[PDB]
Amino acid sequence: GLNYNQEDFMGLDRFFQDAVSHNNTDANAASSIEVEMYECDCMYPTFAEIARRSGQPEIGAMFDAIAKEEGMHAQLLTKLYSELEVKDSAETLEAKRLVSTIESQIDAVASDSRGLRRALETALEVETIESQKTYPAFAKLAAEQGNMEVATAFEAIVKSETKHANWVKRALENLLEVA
């Protein structure tokens, strides 16, 4: 039938952006670079600011540390595809617009305890999808195509995103435990 669910507070869930799947590993690298750099330079810095403005500077520092590692993921792929020209898709542009909306309301976002909770839950959502679904599938196709260096790179990114997921889960557990 019709099956309606409330959208998340402040639309914070729409910060998650999903790399697009293609037949060709060059194109999956391009899509991954695009999302990795978006997370490095837009999504995670915004989450870090939400955390700091919420009075949670340790969680802010974790998002800053994750942001740097997303940029490492992008730079590993860029090294392997030195000539690729990466442009932001409509969906990335729309995410960056949403980022700027949140930044303009950052005090209201942070003063409600949902701001940081939903930022950590969206970070967990992307780290989960990337580590368990997207990047394993990119690794598998690269290997099928005989591109061992790129398959090995995606395998390393899988392990790194898995670590991020674990950092985010521990942070969420600590945010939610008062004492």
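In this text, residue numbers run from 1 along the sequence as written.
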Mean C-alpha B-factor comparison - 75-83 and 102-110, higher one: 102-110
Taking the recorded C-alpha temperature factors, which stretch has the higher mean, 122-130 or 52-60? 52-60
Test of reading the entry: by CA B factor among the chain's modelled residues, which third contains residue 12? middle
Could you place residue 69 in the lowest, middle or highest third of its chain by Cα temperature factor, using the values in the record? lowest
